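Chemist: Here come the first chain(s), positioned as in the complex:
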Amino acid sequence: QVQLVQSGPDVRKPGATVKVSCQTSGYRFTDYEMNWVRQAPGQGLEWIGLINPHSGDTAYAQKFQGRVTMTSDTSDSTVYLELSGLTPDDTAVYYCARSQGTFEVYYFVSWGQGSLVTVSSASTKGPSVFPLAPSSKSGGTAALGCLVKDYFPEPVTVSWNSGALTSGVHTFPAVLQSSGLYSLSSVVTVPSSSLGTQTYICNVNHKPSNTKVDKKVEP
Amino acid sequence: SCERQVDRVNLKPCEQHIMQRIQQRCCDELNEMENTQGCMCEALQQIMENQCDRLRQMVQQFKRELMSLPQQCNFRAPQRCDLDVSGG
């Protein structure tokens, strides 16, 4: 089971330096080269560079030459990405990919979870969770959800009943408010007989500012 | 560098392996120097350059055996290696 685990989302000021980690397990380290790929919030995949833990050789893209530094630590089987001189265009989710191939074949088989680093001079603000109470009854099914508002930066994760409720869940993409703070709403459709089921919980998590809120929804 | 140390190593015993399968001397020369699964791409590319440069249906058979050369010498095959250069 090849597992690639990355660091949490990071917020760095413009012009600063960010370091992204990629923990590897399940396969023999220093036996397969590893690559870093970044993806803008709405754009496609972009290759950053390459690292070989066995030799320490680093192959970077022409665009990123001089700004990116890659290090590997065989003691803990990790690969690090370090981007210097952060510009506002660098805000993106950064993926680490394990490469399996010999000679001409070169492809990625075990992508990482990704790290959403946000380059901004603003201060992180925690979200506020307000329940959306369902109604009793057209009136097909019985939809309900949570509302997280006034949060920054982007990365926020919403799960229902600690992952028990995954059918009918709709976590809408965040929308930019007039104040400059992100806000999204997550909704779920459940059978009208809500008395039989135990409870429904927002289980929101904002890794910046360490905001973890579990809120129930009731009429 | 890889190209600096490729001159010191005499790859000629490794080039002798052509048509032998289509000994340990090749791996004995291959260990030196600083070939910790590195610069093997240069060494493998040099063998292709020396014997049957470019692409005859017999260099293709030689290509397959070259890729297996690290395995029989207790080494991992290069991850990024382009044995064939068309040049046009």
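Modeler: Thanks, I have the structure now. Residues are numbered from 1 along each chain as shown, chains lettered A, B, ... in the order given.
Chemist: Okay, buried residues for stretch A:143-158 please.
Modeler: A:144-148, A:151-156, A:158 (16 or more other CB atoms under 10 Å in any protein chain shown). For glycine as for every other residue, the C-beta is placed from the backbone atoms N, C-alpha and C.
Chemist: Sitting in strands, which of those residues do you find?
Modeler: If you go by DSSP state E, these have A:144-148, A:151, A:158 in strands.
Chemist: wait, which of the residues you listed is closest to residue A:126?
Modeler: Lowest distance from residue A:126 to these (CB to CB) belongs to residue A:151, with 6.3 Å.
Chemist: how far away is the nearest residue to the closest one once chain neighbours are set aside from chain B?
Modeler: Spatially, and ignoring its direct neighbours in sequence, residue A:151 is nearest to residue A:127 (3.5 Å; CB to CB, 6 or more residues apart in numbering or on different chains). Residue A:127 is 44 Å from chain B, where distance means CB to the nearest CB, to the nearest Å.
Chemist: For chain B, what lies in contact range of chain A?
Modeler: Residues of chain B lying close to chain A (CB under 8 Å from any CB of the partner chain) are B:36-38, B:67, B:76-83.
Chemist: can you list contacts of the helix ranked longest in chain B?
Modeler: In chain B, assigned by DSSP state H, the helix with the most residues is helix B:40-50. Outside of helix B:40-50, the residues within contact range by CB atoms under 8 Å, 6 or more residues apart in numbering or on different chains are B:2-3, B:6, B:9, B:11, B:14-15, B:30, B:35, B:59, B:62-63, B:66-67, B:69-70, B:75, B:77-78, B:80-84.
Chemist: cool, stretch A:135-142 as well?
Modeler: The contact list for stretch A:135-142 (CB under 8 Å, 6+ apart) reads A:134, A:168, A:189-192, A:194, A:219.
Chemist: what does stretch A:36-49 give?
Modeler: Contacts for stretch A:36-49 (CB under 8 Å, 6+ apart): A:20, A:22, A:35, A:50-51, A:58-61, A:64, A:68, A:70, A:79, A:81, A:91-97, A:108, A:111, A:114, A:154.
Chemist: Give me the buried positions along it.
Modeler: For stretch A:36-49, burial by neighbour count (16+ other CB under 10 Å) applies to A:36-38, A:46, A:48-49.
Chemist: Can you give me the end-to-end span of it?
Modeler: Criterion CA to CA, to the nearest Å; first-to-last residue distance in stretch A:36-49 is 6 Å.
Chemist: chain center to that stretch, what's the gap?
Modeler: In terms of CA atoms, centre = their mean, to the nearest Å, the centre of stretch A:36-49 is set 13 Å apart from its chain centre.
Chemist: from what I can see residue A:77 touches residue A:22, true?
Modeler: No - taking CB atoms under 8 Å as the definition, residue A:77 is not a contact partner of residue A:22, at 9.6 Å.
Chemist: what about the two, which has more around it?
Modeler: Neighbour totals were compared for residue A:77 and residue A:22, and residue A:22 leads with 25 against 17 (other CB atoms under 10 Å in any protein chain shown).
Chemist: thinking again about what came up before, can I get the longest helix of chain B in PDB? Just the C-alpha atoms.
Modeler: Provided in PDB are the C-alpha atoms of helix B:40-50 (Å, rounded to 0.1, in the frame of the first residue of the first chain):
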ATOM      1  CA  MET B  40      24.300   4.100 -15.400                       C
ATOM      2  CA  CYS B  41      22.100   5.900 -17.900                       C
ATOM      3  CA  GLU B  42      25.300   7.400 -19.400                       C
ATOM      4  CA  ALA B  43      27.000   4.000 -19.200                       C
ATOM      5  CA  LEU B  44      24.000   2.300 -20.900                       C
ATOM      6  CA  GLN B  45      23.800   5.100 -23.500                       C
ATOM      7  CA  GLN B  46      27.500   4.700 -24.300                       C
ATOM      8  CA  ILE B  47      27.100   1.000 -25.100                       C
ATOM      9  CA  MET B  48      24.300   1.900 -27.600                       C
ATOM     10  CA  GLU B  49      26.500   4.700 -29.000                       C
ATOM     11  CA  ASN B  50      29.500   2.400 -29.400                       C
END
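Chemist: following sequence is chain C, add it:
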Amino acid sequence: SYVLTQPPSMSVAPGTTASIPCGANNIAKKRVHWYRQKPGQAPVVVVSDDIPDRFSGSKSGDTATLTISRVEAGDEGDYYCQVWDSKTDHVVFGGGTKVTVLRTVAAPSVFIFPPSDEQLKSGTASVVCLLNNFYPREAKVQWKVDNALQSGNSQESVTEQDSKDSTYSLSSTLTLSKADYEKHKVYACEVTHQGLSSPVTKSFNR
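Modeler: One more piece, chain C, placed on the ones above:
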């Protein structure tokens, strides 16, 4: 500077065959691998260059094409073609190709949510209207308080196509202060969609 060109988007009828081109200079000589990335997830390789599946690669001539046999609802997402350039020792990714599975028209399941009393303690009040499962994506939401149309106080976001239902969802939130919310206590949201003969409106009076 090896450039891989991919179509920005593609729409494929369900049950048919799909072909996503990937065009570079002499891409046949190179090794082409295709990755499928679901929204909010890391990309997953569907075909690679060394059990049969619906995904396959031909790689003939200047363009390499990925074929998905019997396109189903779960095939939606962004597909990327990647190769390893030898003349520059660079890994290059193609442009995003958003694949959308065609579907029949579906009427939205409109839902209206009054502001929570916990939010009422604060200074702002939010009214949310939910459209659960509708197709196509095109839909317009109009916010009316009492009977006057509200403009500039509502913003909406739309989800991508569902993996199973191949449908979209839209949520329009109405942000108002606690002196606007107390007045105009008749809140109504009206929506119009191609799957609805007449606009459907839902309202609450509290």
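Chemist: Repeat for the buried residues of stretch A:36-49, accounting for chain C.
Modeler: Neighbour count says stretch A:36-49 has A:36-39, A:44-49 buried, by 16+ other CB under 10 Å.
Chemist: For residue C:185, the count of nearby residues, please.
Modeler: Number of residues near residue C:185 (other CB under 10 Å) recorded here: 11.
Chemist: Give me the phi and psi for it.
Modeler: Main-chain dihedrals, residue C:185, degrees, to the nearest 10: phi -80, psi -10.
Chemist: who touches it in this structure?
Modeler: Residues near residue C:185 by CB under 8 Å, 6+ apart: C:146, C:205-206.
Chemist: quick one, domains of the chain?
Modeler: By default, I'm working from chain A. Domain ranges of chain A: A:3-119, A:128-213, per automatic domain parsing.
Chemist: Not quite, go with chain C.
Modeler: Using automatic domain parsing, the domain parsing of chain C gives C:9-101, C:110-204.
Chemist: who's in contact with whichever strand or helix holds residue B:5?
Modeler: Counting by DSSP states H and E, the element that carries residue B:5 is helix B:2-8. With CB under 8 Å, 6+ apart as the contact definition, helix B:2-8 has outside contacts at B:32-35, B:38-39, B:41-43, B:46.
Chemist: I'd like to know which of those are buried.
Modeler: B:35, B:38-39, B:41-43, B:46.
Chemist: Spatially, which two of the residues you listed are the most separated?
Modeler: Farthest pair in those (CB to CB) is B:38 and B:46. Separation: 14.4 Å.
Chemist: Distance check, the residue positioned nearest the centre of chain B against residue A:16.
Modeler: The residue lying closest to the centre of chain B (CA atoms, centre = their mean) is residue B:44, at 2.4 Å. Residue B:44 is 43 Å from residue A:16, where distance means CB to CB, to the nearest Å.
Chemist: now residue C:202
Modeler: Computed as CB to CB, the residue C:202 to residue A:16 distance reads 48 Å.
Chemist: just to revisit the earlier point, looking at the domains of chain C, which is closest to residue A:119?
Modeler: Going by CB to CB, the one of those nearest residue A:119 is domain C:9-101, 20.9 Å.
Chemist: So what's the gap between that closest one and the chain middle?
Modeler: Distance of domain C:9-101 from the chain centroid (CA atoms, centre = their mean) equals 19 Å.
Chemist: Quote the end-to-end distance of it.
Modeler: 11 Å.
Chemist: now do stretch C:103-119
Modeler: One end of stretch C:103-119 to the other measures 39 Å (CA to CA).
Chemist: and that stretch, anywhere near chain A?
Modeler: Yes - with CB under 8 Å from any CB as the criterion, chain A is reached by stretch C:103-119 at C:109-111, C:113-116, C:118-119.
Chemist: show me the contacts for residue C:7.
Modeler: By CB under 8 Å, 6+ apart, the neighbours of residue C:7 are C:20-21, C:95, C:97.
Chemist: ok, of those residues, which one's closest to chain A?
Modeler: When those are ranked by distance to chain A (CB to the nearest CB), residue C:95 comes first, at 5.5 Å.
Chemist: does that closest one count as helix, strand or coil?
Modeler: State at residue C:95, reduced to three classes by DSSP: H, G, I helix; E, B strand; the rest coil: coil.
Chemist: wait, doesn't it sit right on residue C:4?
Modeler: Yes - using CB under 8 Å, residue C:95 makes contact with residue C:4 at a distance of 7.5 Å.
Chemist: Neighbour count: these two, which is higher?
Modeler: residue C:4 (21 against 17).
Chemist: Next one: that one from residue A:108, what distance?
Modeler: Counting by CB to CB - residue C:4 and residue A:108 are separated by 15 Å.
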